[PDB]
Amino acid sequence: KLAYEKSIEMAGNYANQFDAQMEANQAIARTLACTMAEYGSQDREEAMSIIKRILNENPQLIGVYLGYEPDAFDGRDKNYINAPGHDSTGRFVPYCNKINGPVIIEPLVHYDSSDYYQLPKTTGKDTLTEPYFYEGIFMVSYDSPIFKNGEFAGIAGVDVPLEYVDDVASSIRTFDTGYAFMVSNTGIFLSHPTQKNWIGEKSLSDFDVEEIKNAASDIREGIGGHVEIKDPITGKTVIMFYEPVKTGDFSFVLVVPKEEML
């Protein structure tokens, strides 16, 4: 009980440690969105220089981007069809990034259907995607709607790689063999000390174990808690403590062998 409470606080502590940098990342996209909502100068090259500077000043990001509705940045998509950083629409959709090493700007893709654009568009709200792999890079995307004259004009977003999560989480130790990992709001592993292959690929809700499914429900709803999980075949019990990460309701999880705690 002294053991559980201390573990509850430690999980909460780490959850908020990860949360802090996420709030900062979210604030970058949001402030870029506020700024572009007031931006009347219509200078595409200048807007691409602004996103490239924000990228280069934030080493924890891998992409900074804007994507606009037809003609909503400067009324002139027809003049930018297939220009550098554009596609065949001429919409202003520059994705400034260093996914492949060097910084380049190429057009966003799937903005007519993918959540990073469509959720801001239909909800009017800031959003954080679930984690995914793109071109070999494990990441999430934070996006904020740009409102011009009270109408949705497009989004400002930042892509955030998550490799550092496993670097940090998988070296956390508690008691004798207690360990830690982070998951996303739908329970997708962002880290794991031994199963690198679960990262980005498996979810808590995939485990055929009542207690783990129950943890994943709470996690989905932003709820902290703990469960006791007994392995009938090894006889070993662990306690799995999970505490919400407030930005996106991800979750920081500590797993502790019950005997070590008493």
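Start at 1 with the first residue shown and count on from there.
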Segment of higher mean CA temperature factor, 236-244 or 16-24: 236-244
Higher-scoring stretch by recorded Cα B factor average, 132-140 or 147-155: 147-155
Residue with highest C-alpha B-factor in the PDB entry, from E221, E46, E38, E211: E211
Which of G187, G124, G90, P107 ranks first by CA B-factor in the deposited coordinates: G124
Record-listed C-alpha B factor of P120: chain third: highest
Third of chain Cα B-factors occupied by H192: middle
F175, C-alpha B-factor rank within chain (lowest, middle or highest third): highest
Chain thirds of CA B-factor: placement of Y111: highest
CA B-factor placement of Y65, once the chain's modelled residues are sorted into thirds: lowest
